[PDB]
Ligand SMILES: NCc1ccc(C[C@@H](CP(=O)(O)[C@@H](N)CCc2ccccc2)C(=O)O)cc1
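One chain comes next, on its own, written out as structure tokens in the form solved without this ligand.
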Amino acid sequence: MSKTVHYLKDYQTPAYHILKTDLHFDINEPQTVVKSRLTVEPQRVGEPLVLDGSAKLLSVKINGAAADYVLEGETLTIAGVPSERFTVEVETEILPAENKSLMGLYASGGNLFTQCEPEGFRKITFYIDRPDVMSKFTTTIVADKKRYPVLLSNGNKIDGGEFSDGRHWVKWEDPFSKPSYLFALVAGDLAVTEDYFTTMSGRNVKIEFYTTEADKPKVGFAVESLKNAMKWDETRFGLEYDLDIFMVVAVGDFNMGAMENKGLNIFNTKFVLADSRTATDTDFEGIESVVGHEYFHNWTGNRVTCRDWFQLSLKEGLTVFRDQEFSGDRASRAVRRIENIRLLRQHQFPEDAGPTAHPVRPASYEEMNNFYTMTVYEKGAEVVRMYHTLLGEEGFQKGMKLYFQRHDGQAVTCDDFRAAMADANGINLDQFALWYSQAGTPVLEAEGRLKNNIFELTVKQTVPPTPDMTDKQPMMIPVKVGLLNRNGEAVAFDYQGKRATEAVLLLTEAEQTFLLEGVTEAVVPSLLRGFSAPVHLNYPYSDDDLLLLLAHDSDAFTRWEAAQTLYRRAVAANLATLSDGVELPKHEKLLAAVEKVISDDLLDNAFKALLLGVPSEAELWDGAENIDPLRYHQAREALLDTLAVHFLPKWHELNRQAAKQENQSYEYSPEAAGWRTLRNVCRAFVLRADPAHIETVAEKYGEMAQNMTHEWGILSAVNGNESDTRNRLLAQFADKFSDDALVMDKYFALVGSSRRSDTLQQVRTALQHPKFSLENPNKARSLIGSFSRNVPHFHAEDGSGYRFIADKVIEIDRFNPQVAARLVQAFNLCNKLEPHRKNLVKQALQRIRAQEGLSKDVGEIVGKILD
């Protein structure tokens, strides 16, 4: 055997450039014929022309004559090519209705869509399908007019016409050179929603959102979010849109959230459709973030793109950071920052600790689809955010300006972005490069002592080995710090000649001591404020120290982290008692802290809600060996039961408070959303302590179902209830919203995520629900994905959870390797499990491995876990 592993160190500029890409699509039933004409520019004369492609090849020509070529695997090779400019004409045939991978050209809802990133364009035609090859596209499309009245592609519509036989055609010209992965085509019967935005230079931009006729009324918020994003990028980053047309297309079958194709973005329906009746406040915020994200890609991704796919975080890390700053500037910056940190530590940290751990800029990959990960995206954003921390907003923008000045119209690397940041500010960032090349979560060990009038903060750093790399050198780690006295008041100190109440301590060595001089009283340190670096901080805090930080600190994260720590320690105490077979702990100081949080009316409602959130099981067994997931589940559940029952009267009271302040404002707004978020936390505790309350809710369900946030909130709260009423409410829910695909996703999520004893069989029934389709990524993730993360059921001792998921990985991989490769990572905890479960997981992975024709996607992941 010899698998194909791609290595960053092997990168070489392409032997050929493509200057012009003329495409012609003849759409018929069932087949679509693609005819191309490529203007090829030799870079290394004499080398064979190598084109990537997997579509059915009908013909290929060089300068109009039948070319001498060989087709081997997914590569087309022409040995004898001219020494000077020449043309290549490829004719391929596609059957989009048979394409269930949702990559390349495929069918959905009777319409045609494309998804090309990273390497889907080669599934359409034979091309030099790599992002450092940039060409100017002109796309002609021909199709039956009544079946396909809407024909879209990148850029400006410059021509079109009618044929006597009912067909019609259009011609699209994208004047901006782009890599193949940004190509897009849409053909079908879609309703259009029109609007516009006027740029700073006074140019109107026509906005067009395309959806089904039925979904059109739900696209309003996405349009407004787009216009906000366009304005924000102008005011915050000085970036202006470069076309007089911007199109967004919703598609129900889509592997991810959205795609930033130049002037023709394609969105998963869940990140563009919403109304208060069918979408939660979180869905709205999701639309705002992703719509912004895809537009922000127009500069950070499109105008400046990636030299190679190892540089993916260059556009994704940066663009995520941008949509985060966009959402933060819109509303609730502090609360939304916590949400992002929580997401990172709950999903990215486990990845950096697991068998699939990789650097933000990987050094190798087998299948690039597997590296659109939490690391590349979210940790990538944290890396970008550290530029902002080190340089400040103005300095950051200087780097942005120089970044675009240097590389507009180019395909560059993470190094180039770092260099632009360094050169624009006249600062050295050589060591910062390690954030891109070194995987793993850094661990900080901090010690504090006040002697004389100096608070000596000693901080050590180490980064654990990862499967890709053992050697990990000291990294540039900014640690924002503060000090609180016995009364929790801000204490001033002198750091390198400056008496401020806050400072960024720059840790660059294995061990450093920071001297906070001029401290005239006892202090408790506030560390890693705002999560100034993506790291694990260990400091010897007493319980009382955490109570002080939670009660009086000025930074949102450190307050929240203090609460998180108390919860974490409480679960640790539960584990001990449950293991020793004795009564549960008292958690006296925890309960005292929570009581203070609940009764504090000066706390922001959304921030209060976060303070009342308990860390996930994954957070709780972080850095543990021989894990029994059910024991951690038991300990966490026991804590939630204690909090639920102990404060039950006050959960009602707080619920009442939030209902009054909501003030019947059921439409989405950051203000009203805050109260509902808090309200739903209360509902979760109330129905945990008093399950019978479900019957009171059911009695006045209609009165209470004033929007989807409320319906979801209550169905979530009762989803674990063993009452028959739980099942009935879910059934009524499905009946009520049977016609709304996105709401049915919620239904299947509730079925798959239930703590109830009979979840496995309810899930297997859901597989045959008429509104369920395994071939639809949203549905698959909703039902199967949720189950795979259902701790008590996925990690069932009898192994039923493992066998079920393994079957579905095998089943899904037959048509959609990407969904399957994501699903199979539910087994990532394999080697850290206790012997019995680890054995069963290994059997499942071996069974997946034994499958003939198993995708490279899943195969790569399975290898990381087993080998």
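Quick note: we count residues from 1 along the sequence shown, nothing fancier.
Higher mean CA temperature factor between 451 to 459 and 662 to 670: 451 to 459, per the PDB entry. In this crystal structure, the stretch out of 482 to 490 and 745 to 753 whose C-alpha atoms carry the higher mean B factor is 482 to 490. Comparing the listed residues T375, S738, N776, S542, the entry records the largest Cα B-factor for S542.
Each of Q706, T278, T696, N719 has a CA temperature factor in the record; the biggest one is found at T696. When the CA B factors of the chain's modelled residues are split into thirds, the value for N839 lands in the middle one.
In the deposited entry, the Cα temperature factor of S54 sits in the bottom third of values across the chain's modelled residues. When the modelled residues of the chain are ordered by C-alpha B-factor, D323 sits in the lowest third. Ranked within its chain, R44 lands in the highest third, by CA B factor from the PDB record. Sorting the modelled residues of the chain by their CA temperature factor places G801 in the lowest third.
Omitted from view is the form solved in complex with this ligand, to which the following refers.
In summary, the region of this chain contacting this ligand in the deposited complex, judged by heavy atoms within 4.5 Å and restricted to 175 to 183, 544 to 552, 471 to 479, 624 to 632, corresponds to 175 to 183. Put simply, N156 is close to this ligand in the deposited complex: some heavy atom of it is within 4.5 Å. Put simply, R203 is close to this ligand in the deposited complex: some heavy atom of it is within 4.5 Å. None of the heavy atoms of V791 is located within 4.5 Å of this ligand in the deposited complex. Interface residue remark: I598 is not counted as part of the site for this ligand in the deposited complex, having no heavy atom within 4.5 Å. Though this ligand is absent from this view, in the deposited complex it lies within 4.5 Å of a heavy atom of just one residue from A659, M386, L243, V743, which is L243. The contact with this ligand in the deposited complex, taken as any heavy atom within 4.5 Å, belongs to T199 out of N425, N727, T199, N655. Taking a 4.5 Å heavy atom cutoff to this ligand in the deposited complex, none of the residues in 699 to 724 make contact.
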